[PDB]
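Input: a single structure, listed below in structure tokens.
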Amino acid sequence: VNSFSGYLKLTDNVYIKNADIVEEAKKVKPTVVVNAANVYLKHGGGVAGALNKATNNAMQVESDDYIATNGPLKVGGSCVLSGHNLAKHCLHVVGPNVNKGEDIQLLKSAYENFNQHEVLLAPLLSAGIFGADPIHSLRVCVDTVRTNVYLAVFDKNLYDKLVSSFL
Ligand SMILES: C[C@H](CNC(=O)c1ccc2c(c1)CCC(=O)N2)C(=O)O
């Protein structure tokens with residue numbers, strides 16, 4: 001039993017809700033919140049900009065030190081950093097950004113990072129400003145993640161379409 005509330009169960013291990021991931025994280029304080037990161041950990045907009053703003057830019061400060069030490073992530077890769085005031089940890093995961101021409105096949109590799117964590121609060125990878133089809137992202141999530149994932153979908157219209165079209 002966990003404290004995630006109001007989710008629709010899609011499969012044995014995948015759950016979904018129409019919610020703002022920032023407000024969800026502040027309420028639940030999950031062990032892991034997933035960020036929709038880019039390889040530079042530049043948290044300018046989308047989910048990343050919102051999560052970072054909620055940390056009063058502390059996420060960006062920590063991320064800049066991470067990059068200065070380690071260099072950029074790989075598309076499809078991840079790193080674990082602090083969750084600041086939102087969660088114990090933040091798993092920064094880089095899905096492919098279609099608006100940069102990146103290979104959508106890397107979406108499966110991106111979701112594989114979730115399997116290193118027993119329970120996660122997460123957005124749909126490569127959705128929103130990353131330009132991929134969110135219906136496809138949900139399909140890849142369900143077919144790749146085996147650990148317990150709680151998906152927050154900001155857009156109510158999109159949430160209803162994701163549920164209604166889910167096979
Ligand atoms: C399928 C799409 C992808 N978009 C996101 O995951 C997303 C985008 C921007 C923000 C948030 C989530 C949280 C609150 C916020 O301030 N910004 C959806 O979830 O609606």
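In each ligand, atom 1 is the first atom listed, and ligand 1 is the first ligand listed. In this chain, residues are counted from 1 in sequence order.
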Taking atom types as modelled, is there a side-chain donor on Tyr15 or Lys9 under 3.5 Å from an acceptor on the other? yes
State, without any angle test, whether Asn97 and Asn38 hold a side-chain donor-acceptor pair at a distance under 3.5 Å. no
Any idea which atoms of ligand 1 are less than 4.0 Å away from a heavy-atom of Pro123? 6 (O)
Looking only at protein heavy atoms, which one is nearest to atom 14 (C) of ligand 1, and how far off is it? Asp20 OD1, 2.5 Å
What residue and atom, counting heavy atoms only, is the protein's closest point to atom 20 (O) of ligand 1, and at what distance? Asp155 N, 2.9 Å
In this structure, is the centre-to-centre distance between the rings of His89 and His117 below 6.0 Å? no
State yes or no: do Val34 and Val94 share one hydrophobic cluster built from I, L, V, M, F, W and Y residues joined by side-chain heavy-atom distances below 4.5 Å, directly or via other members? no
Numbered atoms and elements of ligand 1 in range of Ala127, under 4.0 angstrom, heavy atoms: 1 (C), 3 (C)
Test item: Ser126 side-chain N/O and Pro96 main-chain N/O as donor-acceptor pair under 3.5 Å: yes
Taking the basic N atoms (NZ, or NE/NH1/NH2) and the acidic carboxylate oxygens, is any pair closer than 4.0 Å for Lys108 and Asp143? no
Of the listed options (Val22, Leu158, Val47, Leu124), which comes nearest to atom 10 (C) of ligand 1 when hydrogens are ignored and any heavy atom counts? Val47
Looking only at N/O atoms, are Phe154 and ligand 1 under 3.5 Å apart anywhere? yes
Please report the interatomic distance OH(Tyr111) to OG1(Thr147), rounded to the nearest 0.5 Å. 12.0 Å
As an exercise, identify every atom of ligand 1 less than 4.0 angstrom from a heavy atom of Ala50. 15 (C), 16 (O), 17 (N)
One finds that the ligand 1 atoms under 4.0 Å from a non-hydrogen atom of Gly128 are 3 (C)
So the atoms of ligand 1 within less than 4.0 Å of a heavy atom of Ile21 turn out to be 13 (C)
